[PDB]
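Chains B and A supply the protein sequences, listed in that same order.
Note that the authors' numbering has the first sequence beginning at 3, numbered continuously upward.
Note that the authors' numbering has the second sequence beginning at 3, numbered continuously upward.
The block underneath contains the structure these notes are about, expressed in structure tokens.
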Amino acid sequence: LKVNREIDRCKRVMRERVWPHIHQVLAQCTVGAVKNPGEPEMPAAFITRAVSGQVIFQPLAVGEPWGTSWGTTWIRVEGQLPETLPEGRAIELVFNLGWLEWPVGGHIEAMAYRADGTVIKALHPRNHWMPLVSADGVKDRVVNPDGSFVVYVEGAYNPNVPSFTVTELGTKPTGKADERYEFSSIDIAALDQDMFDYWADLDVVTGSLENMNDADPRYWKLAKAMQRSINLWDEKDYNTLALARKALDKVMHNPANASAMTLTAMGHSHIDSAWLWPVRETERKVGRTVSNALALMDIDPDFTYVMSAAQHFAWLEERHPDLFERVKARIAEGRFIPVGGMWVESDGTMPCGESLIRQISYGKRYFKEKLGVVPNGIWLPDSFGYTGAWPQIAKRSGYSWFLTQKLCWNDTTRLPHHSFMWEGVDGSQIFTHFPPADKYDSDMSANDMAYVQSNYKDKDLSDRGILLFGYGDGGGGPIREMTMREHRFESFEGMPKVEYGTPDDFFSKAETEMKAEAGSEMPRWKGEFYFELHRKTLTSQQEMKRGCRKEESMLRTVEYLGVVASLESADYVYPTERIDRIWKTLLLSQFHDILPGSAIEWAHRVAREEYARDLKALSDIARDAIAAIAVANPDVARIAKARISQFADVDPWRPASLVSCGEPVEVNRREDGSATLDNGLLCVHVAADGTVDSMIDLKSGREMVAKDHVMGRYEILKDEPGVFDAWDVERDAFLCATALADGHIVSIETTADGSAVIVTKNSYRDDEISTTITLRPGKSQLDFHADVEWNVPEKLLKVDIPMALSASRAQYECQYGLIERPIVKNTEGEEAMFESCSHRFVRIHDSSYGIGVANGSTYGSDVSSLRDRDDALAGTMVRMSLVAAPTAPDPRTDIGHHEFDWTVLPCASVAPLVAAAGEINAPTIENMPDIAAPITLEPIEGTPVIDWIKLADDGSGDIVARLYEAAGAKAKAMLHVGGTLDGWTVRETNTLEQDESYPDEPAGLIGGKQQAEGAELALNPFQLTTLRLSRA
Amino acid sequence: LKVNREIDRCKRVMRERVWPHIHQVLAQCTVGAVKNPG
Ligand SMILES: [Zn+2]
């Protein structure tokens, strides 16, 4: 059609006949540079060293790469600012350092400083210009009395790292220029605002023709004015410009339709704290983005910008002190908004409950003392699913709403609604919203308006949405082209109304109006947000998953010992600052890019050796605190190899030992190679090739292994996905798995305590798996411990546990509580859940029985039914993923020597499973005097569990316990305290240890603040309460 | 749909897992050149 061919003419007119005549080049500047391929130094220490004499600045070469990979080049620019400058026009430098266009935050960047150490503005691929004079006769401070000036530019020659492709770029500074980026004559230019407005109008108009339909007369009244204008603009006669704009004005002022939506736009750039670059680079990225944000708050007023991740604010505070005081000046104004008080945008499903609570707490604490703000909602646009315990934690932490967008990438199903009420397992509900643009980084195009209005899933009762724009995922922020195409879409009949705003006000009014409109028809979602994509993120880099749990499972012990030692010994200083530093370092390695393990080899290498260092430092605070208890109770008892595991079967926080102390375990070797372990409580029969093939529960007398199957068979899948190698698993892999039928028992023995051990070996073509199966006296559980020497890439290992019990749903655990997922997947959407998360245990049960499996560091599994060889129902298979080896961002990921531990239990109720999980995840310590816990609850009914006894953060000396219910039934208990804190009071708080109550949340205590000894507790299913004990 | 996403996997298999293993490199050759812009 004629119009579609007229759109191409208009776009080419924009690109060649209008765009170049915006920056009129006046003069070019002399340049000299100094290169450095090493690690960068602080800019302030370089400038003052670069002002006196101590740098030479050998001139650059036009047409050659100005740096090396992962290096820094400092450039001294000197211009002249000649006279006869155009009147009423702005003057600005233009830096064209060989930019590409596709990745904004990916390849090279830069930052321009003044000759005192102060930032001017950052330089990015699509935003490369620096204001000298502002079209009003006022100059920047870096201008002499004459036209002389001098600028320093720190340029980062970051390589462009492909997402999924084998490369050597994400390892270390190479010292070579792999991708060539030229220099090409930094220059000075005058800006023409009228041509720039004309280009903006053309852009707005021509982008609306691709998205309208040829049925409204506006499609034709537009395409006529677009044609009349470009037929009138002759770039060789400037006086025609004023004629061309008047033609493209009879259509720019048309009031929006009556029923059009209303969008609240705010500037937002998402910065992945570590992904495709080292963590030593994110600091500069935050600096650049923030500087860009403030240089756009003087192009126009009423422009708003949001920023999350208090850790980014801290990084900014240390590197650019001057750029911090400019932010605070905008915060008090109201145009700069910090949102979602959290340390970093953590992962949404893997961290435990205490991780999330501590993230919220540290974030709220930083946002208070520094910026003085109190956020009202959780900002989490990018995450691989959400745990389902989030609503309760958010509501009990003072929050009011919630924000997500990542759940659009699901491979099978689309969620029904965009704005809805999300109810967790407890019952508390939070208002949640997805930005209808289906992405956080928009460019404020006409395509995005058309999509937002034509995709919004609740247009019948909401007509209100949010809209984020800016260049994200690597920084950069929004560009001044986006802001000046927003004023065109303010009314613009044919498209949604758009206006600036803050998130809190949008959320308040949107929720209240949707409520008062819908009635008791408000959309609702109960449960978790299962992410139907990126299944391999549960096991991508195993040393990160093992590190997140081992460090956090022992922070519990270290913090508990600080409580016990601060009550026994009269002089013992609890090291608050070391613990705070360790906690912040931990919360930084739970970002949504490094816990899933989908970053470059460099990032994981640094994050891995941090776990080693903080693990070591933690087990010195422990032994130094235990030394204090050892002198306070000098003659009670001391045991080596103790494990303080919360919620045991008899004594909750007593430090139990490793010596089992039962009667020996009789072992009956058979002649064919098989063996028979038999303690008082189990009768295990191990076959000739590992693989326990029958397990009797001698108490009840039930087989525990599904017939014609063996427990412990190893499979190795062949996973070579289409895209996102380190991210997701094909379903095809589940078809290709091959068992390792070869194998044998290496050794059968008994030990000093009386337990029996069996040592097995297994191999697949290069690598070796040696398992140790243990049976201890007086414990109704079987323990497995495997050591892997993984060497072959592109493979995936997992073990299976065939259970002799058949049910319709499987039971996992959440951060606080439990969930169930189907076993046999019926519909198309259910088959998308073929692999799922599991914190610390999975249970398959029925009305009166059940079998459970608890793990140490795995985090991943999948369940399916089992059918006998005569085709009758046999049981259920539970497979849990151990280690995978991708190749995309990390060529040499997960090579060599992984450990794994797990255990299998017969459990009618859920209490012994929780006890076994807690007891397998606890760290070991030495020379620990065994003394009763200070806080104890006697269970009158149900199963309440005290999780995280710890000290107060106010330094006052109070105790804070975080107790919940872990069975799904109401629980009644009462508190008993030891003889070291009698006379103390107890009271109820929120998760942040503050006296704040909420009318829509039940409480634990009955009454108010009363005596601790004898206070009673009632807990409705999956409730999370926090007790605070004070001396008075 | 599942098939359209299975086409991408097959095309990438062609491009990376099948195509490079066609020309097995044995040895490289010494080279010398003379240039002429006329
Ligand atoms: Zn992200």
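We put the beta carbon where it would ideally sit given N, CA and C, even for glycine.
Comparing C-alpha distances from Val-206(B) to each of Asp-251(B), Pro-67(B), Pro-175(B) and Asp-216(B) shows the shortest one belongs to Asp-251(B). Distances between the C-beta of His-272(B) and the heavy atoms of ligand 1 include at least one below 7 Å. Around the Cβ of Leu-737(B), a 10 Å sphere holds fewer than 16 other Cβ atoms; the residue is exposed. By the neighbour-count definition (other C-beta atoms within 10 Å, threshold 16), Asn-146(B) is an exposed residue. Within the DSSP secondary-structure output, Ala-63(B) pairs in no beta bridge. Against chain A, a Cβ distance below 7 Å from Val-163(B) picks out nothing, because the smallest value is about 18 Å. The nearest non-hydrogen atom of ligand 1 is less than 7 Å from the C-beta of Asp-384(B).
Annotation for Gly-474(B): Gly-107, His-270, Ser-271, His-272, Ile-273, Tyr-442 and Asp-443 place their beta carbon closer than 8 Å to its own, counting only its chain and skipping 5 residues before and after.
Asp-595(B) has its CB nearer than 7 Å to a heavy atom of ligand 1.
Closer than 7 Å to some heavy atom of ligand 1: that does not describe the Cβ of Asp-462(B). Under the three-state reduction of DSSP output, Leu-234(B) falls in the coil class, being neither helix nor strand. At a Cβ-Cβ threshold of 8 Å, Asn-929(B) and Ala-690(B) do not count as neighbours. At least one C-beta of chain B is nearer than 8 Å to the C-beta of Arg-11(A). Around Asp-460(B), the same chain offers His-419, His-420 and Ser-421 as residues with beta carbons nearer than 6 Å, after the five sequence neighbours per side are excluded. If the five residues before and after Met-214(B) are omitted, its C-beta is found closer than 6 Å to the C-beta atoms of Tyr-221, all from its own chain and listed in chain order. Distances between the C-beta of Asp-870(B) and the heavy atoms of ligand 1 are all 7 Å or more.
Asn-98(B) is positioned such that its CB atom lies closer than 8 Å to that of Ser-186(B). Going by beta carbons, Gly-780(B) and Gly-664(B) fall inside the 8 Å limit. In this structure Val-761(B) does not touch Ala-812(B) by the C-beta definition: roughly 31 Å separates them, more than the 8 Å allowed. At least 8 Å separates the CB of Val-855(B) from every CB of chain A. Counting the other Cβ atoms within 10 Å of the Cβ of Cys-550(B) gives 16 or more, which makes it buried.
Closer than 8 Å to the CB of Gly-724(B) there is at least one CB belonging to chain A. Distances between the C-beta of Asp-475(B) and the heavy atoms of ligand 1 include at least one below 7 Å.
Taken in chain order, the members of the segment 14-28 of chain A whose beta-carbon sits within less than 8 Å of a beta-carbon on chain B are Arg-14, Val-15 and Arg-19.
In the structure shown, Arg-490(B) adopts coil according to DSSP, grouped into three states. Bounds of any alpha helix (DSSP H) do not take in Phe-471(B); it lies within the beta strand (DSSP E) bounded by 467-471. As for any alpha helix (DSSP H) of minimum length 4 sitting wholly inside the segment 913-973 of chain B, the runs are 913-923, ordered along the chain. The beta carbon of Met-299(B) sits closer than 7 Å to those of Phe-305, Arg-332 and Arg-337, all from its chain and outside the five residues before and after it, given in chain order. Taking 8 Å as the cut-off, the Cβ atoms of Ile-432(B) and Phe-404(B) count as close.
In the structure shown, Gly-336(B) adopts coil according to DSSP, grouped into three states. As summarised for the segment 645-718 of chain B, the continuous beta strand (DSSP E) elements at least 3 residues long and confined to that stretch are 657-659, 677-680, 684-688 and 694-699, given in chain order.
By the beta-carbon neighbour count (other beta carbons within 10 angstroms, threshold 16), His-899(B) is exposed. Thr-1028(B) has its alpha-carbon roughly 14 Å from the corresponding atom of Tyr-1000(B).
In this structure, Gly-34(B) lies away from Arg-91(B), with their beta-carbon atoms at least 8 Å apart.
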